[PDB]
């Protein structure tokens, strides 16, 4: 390679992933990487620091142009720069738009099993989660279009929070699927909030259909949310972008961001995100490569040594969604037992709700050597359940 995907960065003590760990514990749960970031991003941060003064920052149009250029090169989708609004984070943007575009007690539709923070921002703000569960009929998840529409048509259902690609299952919806969802939301005057934070991480050539691509009129009912944070290992950068074609909605969300305190970039957000989106193409190409190898190793080891589990077919994200149902153990119990016996820490599916009690989520955005370790620890833990 041209980039380091071998050495795990040495964090300071206050890391969520690596902080507070017992000796030899291996964290493979929270969605951040154990890879150093792109040097082109690093250079922009070191460059910014040399200003040696960190007063108030505006969002320059270069930021919106970088977002537009990135979306077109990586996704063959180009937003109008005018549609774009800076937010310091995807989840806080959802939180603010929940408060601005729905009322206390309104229902907000999700597709379970879905990312836990969806529930935290809906319920934490006093809105009610309603799910049109994704059907787990094969080794696959699919949409009940009848059930989805009738829930969308419920008057108290005011918003749909859509994970595109879908986390934790790792599925980049098809162009027909995204467009059909956005048409159904428009038809029932439901706002479609499309969380596309995993959108740069499709591992197949099947690229994402960003919600803002839907044709006009329905385009007036969508928001796309992106960030460099998952793509480039920049969770603590606090840079993100809302893409809102409807300009009334856009002006209202921009004010909601300002009032939440998430509308103003910190000292590194602008130059670092611009560098990521202008210069991070080559580092991401190699990243997906390392991800595809770790998934290939992961799937083969588990097929040959832990056939009682099943790594689901996934086409996006660095998170493996593993069916542990045949182990007969609740995911959280299994994950606890795993850490206790082997020191391997992975994400229980329970918090994603849906059928997550039968699933674990494993973070493969780490050097192959840590995948080898983690896969060996999983098997050791499965074997002792039998002894």
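Residue numbers count along the first chain shown, from 1.
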* Asked: Hey, which bit's got the bigger mean C-alpha B factor in the entry, 151-159 or 292-300?
  -> 292-300
* Mean C-alpha B-factor comparison - 343-351 and 51-59, higher one -> 343-351
* Would you mind finding, among 72, 206, 196, 254, the residue with the largest C-alpha temperature factor in the entry? => 206
* **Residue of maximum C-alpha B factor among 139, 131, 95, 317, per deposited coordinates** => 139
* What third of its chain, lowest, middle or highest, does the C-alpha temperature factor of residue 179 fall into? -> middle
* Structure fact -> residue 120: CA B-factor among chain residues, third -> middle
* Structure fact -> On the chain's distribution of Cα B-factors, residue 12 falls within the third called lowest
* To do: Comparing against every modelled residue in the chain, figure out the third that the C-alpha B-factor of residue 238 lands in (lowest, middle or highest).
  => lowest
* Where the record places residue 187 (Cα B-factor, split into thirds across the chain) -> middle
